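Visitor: Hey, dropping my_file.tsv in here, TSV, C-alpha atoms:
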chain	number	residue	atom	x	y	z
T	1113	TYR	CA	79.85	-31.80	39.18
T	1114	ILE	CA	76.19	-30.89	38.74
T	1115	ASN	CA	76.44	-28.50	41.69
T	1116	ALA	CA	79.67	-27.03	40.28
T	1117	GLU	CA	78.19	-26.37	36.83
T	1118	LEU	CA	74.78	-25.06	37.88
T	1119	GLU	CA	76.76	-22.65	40.05
T	1120	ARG	CA	78.84	-21.69	37.01
T	1121	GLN	CA	75.79	-20.96	34.84
T	1122	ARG	CA	74.34	-18.79	37.61
T	1123	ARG	CA	77.34	-16.46	37.35
T	1124	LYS	CA	77.01	-16.44	33.56
T	1125	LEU	CA	73.33	-15.45	33.56
T	1126	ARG	CA	74.21	-12.65	35.98
T	1127	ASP	CA	76.74	-11.24	33.51
T	1128	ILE	CA	74.25	-11.43	30.63
T	1129	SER	CA	71.61	-9.67	32.74
T	1130	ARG	CA	73.95	-6.84	33.72
T	1131	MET	CA	75.23	-6.30	30.17
T	1132	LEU	CA	71.65	-6.21	28.91
T	1133	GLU	CA	70.50	-3.62	31.45
T	1134	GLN	CA	73.41	-1.30	30.63
T	1135	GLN	CA	72.53	-1.60	26.95
T	1136	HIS	CA	68.80	-1.06	27.53
T	1137	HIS	CA	69.68	2.28	29.12
T	1138	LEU	CA	71.53	3.40	26.00
T	1139	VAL	CA	68.93	2.25	23.44
T	1140	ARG	CA	66.30	4.08	25.48
T	1141	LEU	CA	68.52	7.18	25.46
T	1142	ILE	CA	68.82	7.14	21.65
T	1143	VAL	CA	65.07	7.51	21.09
T	1144	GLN	CA	65.01	10.44	23.54
T	1145	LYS	CA	67.57	12.40	21.52
T	1146	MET	CA	67.22	11.02	17.99
T	1147	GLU	CA	66.66	13.53	15.20
T	1148	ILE	CA	63.32	12.91	13.45
T	1149	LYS	CA	62.53	15.10	10.44
T	1150	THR	CA	61.49	13.10	7.36
T	1151	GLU	CA	59.60	10.33	9.17
T	1152	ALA	CA	57.73	12.68	11.51
T	1153	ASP	CA	53.98	12.16	11.68
C	1113	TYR	CA	68.76	-28.30	45.62
C	1114	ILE	CA	68.68	-29.19	41.93
C	1115	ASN	CA	64.95	-28.50	41.84
C	1116	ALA	CA	65.46	-25.21	43.71
C	1117	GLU	CA	68.15	-23.95	41.32
C	1118	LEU	CA	66.59	-25.04	38.03
C	1119	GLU	CA	63.52	-23.18	39.27
C	1120	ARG	CA	65.70	-20.14	39.96
C	1121	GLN	CA	67.23	-20.13	36.47
C	1122	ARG	CA	63.76	-20.35	34.95
C	1123	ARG	CA	62.84	-17.01	36.53
C	1124	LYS	CA	66.14	-15.53	35.33
C	1125	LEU	CA	65.66	-16.55	31.69
C	1126	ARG	CA	62.17	-15.03	31.86
C	1127	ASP	CA	63.65	-11.68	32.89
C	1128	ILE	CA	66.24	-11.79	30.11
C	1129	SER	CA	63.54	-12.62	27.56
C	1130	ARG	CA	61.30	-9.75	28.65
C	1131	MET	CA	64.14	-7.21	28.70
C	1132	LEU	CA	65.20	-8.33	25.23
C	1133	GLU	CA	61.70	-7.99	23.74
C	1134	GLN	CA	61.29	-4.46	25.11
C	1135	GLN	CA	64.65	-3.55	23.59
C	1136	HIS	CA	63.87	-5.18	20.24
C	1137	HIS	CA	60.85	-2.89	19.98
C	1138	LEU	CA	63.03	0.20	20.39
C	1139	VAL	CA	65.82	-0.84	17.99
C	1140	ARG	CA	63.15	-1.59	15.40
C	1141	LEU	CA	61.65	1.86	16.03
C	1142	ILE	CA	64.99	3.61	15.41
C	1143	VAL	CA	65.29	2.32	11.84
C	1144	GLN	CA	61.73	3.47	11.13
C	1145	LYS	CA	62.53	7.08	12.07
C	1146	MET	CA	66.28	7.36	11.51
C	1147	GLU	CA	67.49	10.20	9.30
C	1148	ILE	CA	69.32	8.86	6.22
C	1149	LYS	CA	70.87	11.44	3.89
C	1150	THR	CA	74.53	10.72	3.09
C	1151	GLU	CA	74.31	6.92	3.03
C	1152	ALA	CA	71.12	6.82	0.96
C	1153	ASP	CA	71.22	4.53	-2.06
W	477	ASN	CA	71.84	-3.48	-3.94
W	478	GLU	CA	68.05	-3.55	-3.56
W	479	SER	CA	65.30	-1.20	-4.71
W	480	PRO	CA	64.44	1.98	-2.74
W	481	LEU	CA	60.91	0.62	-2.24
W	482	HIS	CA	62.13	-2.80	-1.08
W	483	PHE	CA	64.35	-1.00	1.44
W	484	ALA	CA	61.57	1.21	2.76
W	485	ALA	CA	58.88	-1.47	2.95
W	486	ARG	CA	60.78	-3.84	5.23
W	487	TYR	CA	62.12	-1.31	7.76
W	488	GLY	CA	58.88	0.47	8.59
W	489	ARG	CA	59.69	3.79	6.96
W	490	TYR	CA	56.22	5.07	6.18
W	491	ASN	CA	56.66	8.54	4.65
W	492	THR	CA	59.25	7.19	2.19
W	493	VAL	CA	56.82	4.50	0.98
W	494	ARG	CA	54.06	7.08	0.52
W	495	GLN	CA	56.45	9.37	-1.38
W	496	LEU	CA	57.78	6.67	-3.72
W	497	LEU	CA	54.23	5.63	-4.60
W	498	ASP	CA	53.46	9.30	-5.30
W	499	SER	CA	56.03	9.58	-8.10
W	500	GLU	CA	55.53	8.85	-11.80
W	501	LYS	CA	57.48	5.60	-11.42
W	502	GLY	CA	55.12	4.58	-8.60
W	503	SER	CA	52.68	2.56	-10.69
W	504	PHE	CA	54.74	-0.43	-11.85
W	505	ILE	CA	57.26	-0.36	-8.98
W	506	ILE	CA	54.50	-1.40	-6.56
W	507	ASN	CA	54.28	-4.93	-8.03
W	508	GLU	CA	57.96	-5.64	-8.69
W	509	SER	CA	59.57	-8.78	-7.29
W	510	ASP	CA	63.19	-9.36	-6.30
W	511	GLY	CA	65.53	-12.31	-6.81
W	512	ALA	CA	63.74	-14.19	-4.03
W	513	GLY	CA	60.44	-13.36	-5.76
W	514	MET	CA	58.87	-11.17	-3.08
W	515	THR	CA	56.91	-8.01	-3.89
W	516	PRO	CA	56.90	-5.05	-1.45
W	517	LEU	CA	53.63	-6.47	-0.12
W	518	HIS	CA	55.41	-9.68	0.92
W	519	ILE	CA	58.33	-8.08	2.73
W	520	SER	CA	56.20	-5.51	4.56
W	521	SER	CA	54.09	-8.26	6.11
W	522	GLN	CA	56.92	-10.73	6.70
W	523	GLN	CA	58.50	-8.06	8.90
W	524	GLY	CA	55.18	-7.20	10.52
W	525	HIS	CA	54.74	-3.53	9.58
W	526	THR	CA	50.99	-3.20	9.77
W	527	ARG	CA	50.43	0.42	8.68
W	528	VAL	CA	52.81	0.15	5.73
W	529	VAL	CA	51.07	-2.99	4.44
W	530	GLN	CA	47.76	-1.13	4.69
W	531	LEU	CA	48.89	1.70	2.41
W	532	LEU	CA	50.04	-0.87	-0.14
W	533	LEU	CA	46.49	-2.25	-0.14
W	534	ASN	CA	44.79	1.14	-0.44
W	535	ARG	CA	46.87	1.70	-3.58
W	536	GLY	CA	45.80	-1.70	-4.91
W	537	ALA	CA	48.75	-4.07	-4.88
W	538	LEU	CA	48.42	-7.45	-6.55
W	539	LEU	CA	48.46	-10.67	-4.54
W	540	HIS	CA	51.28	-12.46	-6.29
W	541	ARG	CA	53.21	-15.40	-4.85
W	542	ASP	CA	56.95	-15.86	-4.43
W	543	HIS	CA	59.21	-18.66	-5.66
W	544	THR	CA	58.12	-20.86	-2.75
W	545	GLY	CA	54.50	-20.08	-3.62
W	546	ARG	CA	53.46	-18.23	-0.46
W	547	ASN	CA	50.97	-15.37	-0.09
W	548	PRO	CA	51.35	-12.52	2.45
W	549	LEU	CA	49.26	-14.48	5.00
W	550	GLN	CA	51.74	-17.33	5.21
W	551	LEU	CA	54.85	-15.14	5.51
W	552	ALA	CA	53.37	-13.22	8.43
W	553	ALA	CA	52.25	-16.49	10.02
W	554	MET	CA	55.81	-17.84	9.94
W	555	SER	CA	56.94	-14.78	11.92
W	556	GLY	CA	54.05	-14.68	14.37
W	557	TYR	CA	52.78	-11.15	13.73
W	558	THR	CA	49.17	-11.36	14.85
W	559	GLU	CA	48.00	-7.81	14.15
W	560	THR	CA	48.94	-7.96	10.45
W	561	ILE	CA	47.05	-11.18	9.64
W	562	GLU	CA	43.87	-9.81	11.21
W	563	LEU	CA	44.17	-6.91	8.74
W	564	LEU	CA	44.95	-8.98	5.65
W	565	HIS	CA	42.01	-11.27	6.46
W	566	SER	CA	39.62	-8.33	6.80
W	567	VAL	CA	40.26	-7.19	3.22
W	568	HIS	CA	41.13	-10.53	1.52
W	569	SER	CA	39.26	-13.39	3.19
W	570	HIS	CA	40.33	-15.95	0.56
W	571	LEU	CA	44.05	-16.08	1.43
W	572	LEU	CA	43.49	-18.08	4.62
W	573	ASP	CA	42.80	-21.47	3.01
W	574	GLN	CA	45.58	-21.56	0.42
W	575	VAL	CA	48.62	-23.77	-0.09
W	576	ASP	CA	52.14	-23.45	-1.52
W	577	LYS	CA	54.60	-25.46	-3.61
W	578	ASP	CA	54.91	-28.02	-0.79
W	579	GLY	CA	51.17	-28.00	-0.04
W	580	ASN	CA	51.55	-26.35	3.38
W	581	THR	CA	48.88	-23.95	4.62
W	582	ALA	CA	49.33	-21.23	7.24
W	583	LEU	CA	48.74	-23.64	10.14
W	584	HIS	CA	51.51	-25.86	8.78
W	585	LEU	CA	53.98	-22.98	8.60
W	586	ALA	CA	53.17	-21.61	12.06
W	587	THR	CA	53.87	-25.01	13.67
W	588	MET	CA	57.13	-25.64	11.82
W	589	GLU	CA	58.58	-22.58	13.58
W	590	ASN	CA	56.77	-22.76	16.98
W	591	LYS	CA	54.46	-19.73	16.90
W	592	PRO	CA	51.81	-20.58	19.51
W	593	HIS	CA	50.11	-17.19	19.64
W	594	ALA	CA	49.37	-17.25	15.91
W	595	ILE	CA	47.84	-20.76	16.02
W	596	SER	CA	45.15	-19.49	18.40
W	597	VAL	CA	44.33	-16.75	15.86
W	598	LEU	CA	44.68	-18.85	12.70
W	599	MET	CA	42.04	-21.20	14.13
Go ahead and render the structure in this file as structure tokens.

Guide:
Amino acid sequence: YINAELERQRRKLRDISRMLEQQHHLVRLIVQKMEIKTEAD
Amino acid sequence: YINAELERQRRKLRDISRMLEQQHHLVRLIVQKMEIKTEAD
Amino acid sequence: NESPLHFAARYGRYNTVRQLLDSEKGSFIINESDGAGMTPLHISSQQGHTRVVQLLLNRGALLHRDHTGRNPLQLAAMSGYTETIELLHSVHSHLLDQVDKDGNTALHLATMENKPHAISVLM
């Protein structure tokens, strides 16, 4: 039961890590193409 | 095997925490330099 | 909703802060509290915006205290922003050793919320 729940949390941390890398690509895309006029230095 | 899988999940939670702090810097940058015209109070 | 200066001070938003303090209203709006009691100097440093809190000090903001009795040093210490308490200490060196309504200092508030990197700078 310990070896069948540690194996279950390993598949859950792999889904969190893949969702977070797909989202980090989009957030990093927004700042490349965001319009900055009023708050420009 | 328990000590070699708890050690593996410690390195995985460190990668999730570092990816999430690099992304929290960018999301917080967007609201500093986002253009707000129509939905301005 | 909230004031246009309380919105701009907590979300970075530097050129809007400098423009609102340039207007004719921008003399008594700089020291105005909200329902929680925080001035724009409190919310800018709670959120850790270190070059917006500097412009509020070049324009001479007053060091009031909120309903819990906390100065801008203690709010930034609860959130663990190290670069903004090294700036507030360089211009006001008497806010370090102060207390609140419950008697807690900045070292008390940084340990209630597990901020280890601030404790090495508070001490």

Visitor: Rotate and translate chain T onto chain C via least squares on all in-order Cα pairs, then write the result as a compact mmCIF listing (two decimals) with C-alpha atoms, in the coordinates of the input.

Guide:
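Result written to out_30.txt:
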# COMPACT_ATOMS: atom_id res chain seq x y z
CA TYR T 1113 68.75 -28.30 45.62
CA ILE T 1114 68.69 -29.19 41.93
CA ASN T 1115 64.95 -28.50 41.84
CA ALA T 1116 65.46 -25.22 43.72
CA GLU T 1117 68.15 -23.95 41.32
CA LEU T 1118 66.59 -25.05 38.04
CA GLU T 1119 63.52 -23.18 39.27
CA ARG T 1120 65.70 -20.14 39.96
CA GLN T 1121 67.23 -20.13 36.47
CA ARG T 1122 63.76 -20.36 34.95
CA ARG T 1123 62.85 -17.01 36.53
CA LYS T 1124 66.14 -15.54 35.33
CA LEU T 1125 65.65 -16.56 31.69
CA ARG T 1126 62.17 -15.03 31.86
CA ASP T 1127 63.64 -11.68 32.89
CA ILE T 1128 66.25 -11.79 30.11
CA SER T 1129 63.54 -12.63 27.56
CA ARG T 1130 61.30 -9.75 28.65
CA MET T 1131 64.14 -7.20 28.70
CA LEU T 1132 65.19 -8.33 25.23
CA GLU T 1133 61.71 -7.99 23.73
CA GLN T 1134 61.29 -4.46 25.11
CA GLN T 1135 64.65 -3.54 23.59
CA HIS T 1136 63.87 -5.18 20.24
CA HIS T 1137 60.85 -2.88 19.98
CA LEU T 1138 63.03 0.20 20.39
CA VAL T 1139 65.82 -0.84 17.99
CA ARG T 1140 63.14 -1.59 15.40
CA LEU T 1141 61.65 1.86 16.03
CA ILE T 1142 64.99 3.61 15.41
CA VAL T 1143 65.30 2.32 11.84
CA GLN T 1144 61.73 3.48 11.13
CA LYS T 1145 62.53 7.08 12.07
CA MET T 1146 66.29 7.36 11.50
CA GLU T 1147 67.49 10.20 9.29
CA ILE T 1148 69.32 8.86 6.22
CA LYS T 1149 70.87 11.44 3.89
CA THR T 1150 74.53 10.73 3.09
CA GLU T 1151 74.31 6.92 3.03
CA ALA T 1152 71.12 6.81 0.96
CA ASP T 1153 71.22 4.53 -2.06

Visitor: Where does chain W meet chain T within 8 Å, residue by residue, with the nearest atom pair and distance in Å to one decimal for each, counting all atoms listed in the file, listed by chain and rising number, as a tab-separated table?

Guide:
residue	atom	partner	partner_atom	distance
W:489	CA	T:1151	CA	6.9
W:490	CA	T:1151	CA	6.9
W:491	CA	T:1151	CA	5.7
W:492	CA	T:1151	CA	7.7

Visitor: Any chance you could tabulate, as a Markdown table, the residues of chain C at most 8 Å from chain T with each one's nearest atom pair and distance in Å to one decimal, using only C-alpha atoms, in chain and rising number order?

Guide:
| residue | atom | partner | partner_atom | distance |
| --- | --- | --- | --- | --- |
| C:1114 | CA | T:1115 | CA | 7.8 |
| C:1117 | CA | T:1118 | CA | 7.6 |
| C:1121 | CA | T:1122 | CA | 7.3 |
| C:1124 | CA | T:1125 | CA | 7.4 |
| C:1125 | CA | T:1125 | CA | 8.0 |
| C:1128 | CA | T:1129 | CA | 6.3 |
| C:1131 | CA | T:1132 | CA | 7.6 |
| C:1132 | CA | T:1132 | CA | 7.7 |
| C:1135 | CA | T:1136 | CA | 6.2 |
| C:1138 | CA | T:1139 | CA | 7.0 |
| C:1139 | CA | T:1139 | CA | 7.0 |
| C:1142 | CA | T:1143 | CA | 6.9 |
| C:1144 | CA | T:1151 | CA | 7.4 |
| C:1145 | CA | T:1151 | CA | 5.2 |
| C:1146 | CA | T:1148 | CA | 6.6 |
| C:1147 | CA | T:1148 | CA | 6.5 |

Visitor: Restricting the output to C-alpha atoms, write the selected residues as a PDB file, in the frame of the given file.

Guide:
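The resulting file, result20.pdb, is reproduced below:
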ATOM      1  CA  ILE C1114      68.680 -29.190  41.930  1.00  0.00           C
ATOM      2  CA  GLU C1117      68.150 -23.950  41.320  1.00  0.00           C
ATOM      3  CA  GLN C1121      67.230 -20.130  36.470  1.00  0.00           C
ATOM      4  CA  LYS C1124      66.140 -15.530  35.330  1.00  0.00           C
ATOM      5  CA  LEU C1125      65.660 -16.550  31.690  1.00  0.00           C
ATOM      6  CA  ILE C1128      66.240 -11.790  30.110  1.00  0.00           C
ATOM      7  CA  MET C1131      64.140  -7.210  28.700  1.00  0.00           C
ATOM      8  CA  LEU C1132      65.200  -8.330  25.230  1.00  0.00           C
ATOM      9  CA  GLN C1135      64.650  -3.550  23.590  1.00  0.00           C
ATOM     10  CA  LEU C1138      63.030   0.200  20.390  1.00  0.00           C
ATOM     11  CA  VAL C1139      65.820  -0.840  17.990  1.00  0.00           C
ATOM     12  CA  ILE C1142      64.990   3.610  15.410  1.00  0.00           C
ATOM     13  CA  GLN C1144      61.730   3.470  11.130  1.00  0.00           C
ATOM     14  CA  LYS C1145      62.530   7.080  12.070  1.00  0.00           C
ATOM     15  CA  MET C1146      66.280   7.360  11.510  1.00  0.00           C
ATOM     16  CA  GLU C1147      67.490  10.200   9.300  1.00  0.00           C
TER      17      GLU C1147
END

Visitor: What gap, in Å, lies between atom CA of residue 563 of chain W and atom CA of residue 530 of chain W?

Guide: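 Atom CA of residue 530 of chain W lies 7.9 Å from atom CA of residue 563 of chain W.
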
Visitor: Which protein, DNA or RNA residues are at most 10 Å from (47.0, -16.8, 14.8) in the file's coordinates when you count all atoms listed in the file, listed as a PyMOL selection string?

Guide: chain W and resi 552-553+556-559+561-562+582-583+586+591-599

Visitor: Might you pull out every residue within 6 Å of segment 533-548 of chain W, with only C-alpha atoms counted and same-chain residues fewer than 5 positions away left off, and present them as a list in words?

Guide: residues 513, 514, 518, 576 and 577 of chain W

Visitor: Quick one: pull the distance between atom CA of residue 554 of chain W and atom CA of residue 520 of chain W, Å, one decimal.

Guide: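 Result for atom CA of residue 554 of chain W versus atom CA of residue 520 of chain W: 13.5 Å, one decimal.
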
Visitor: Could you jot down the atom CA of residue 568 of chain W to atom CA of residue 584 of chain W separation for me, Å, one decimal place?

Guide: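 Distance between the two atoms: 19.9 Å.
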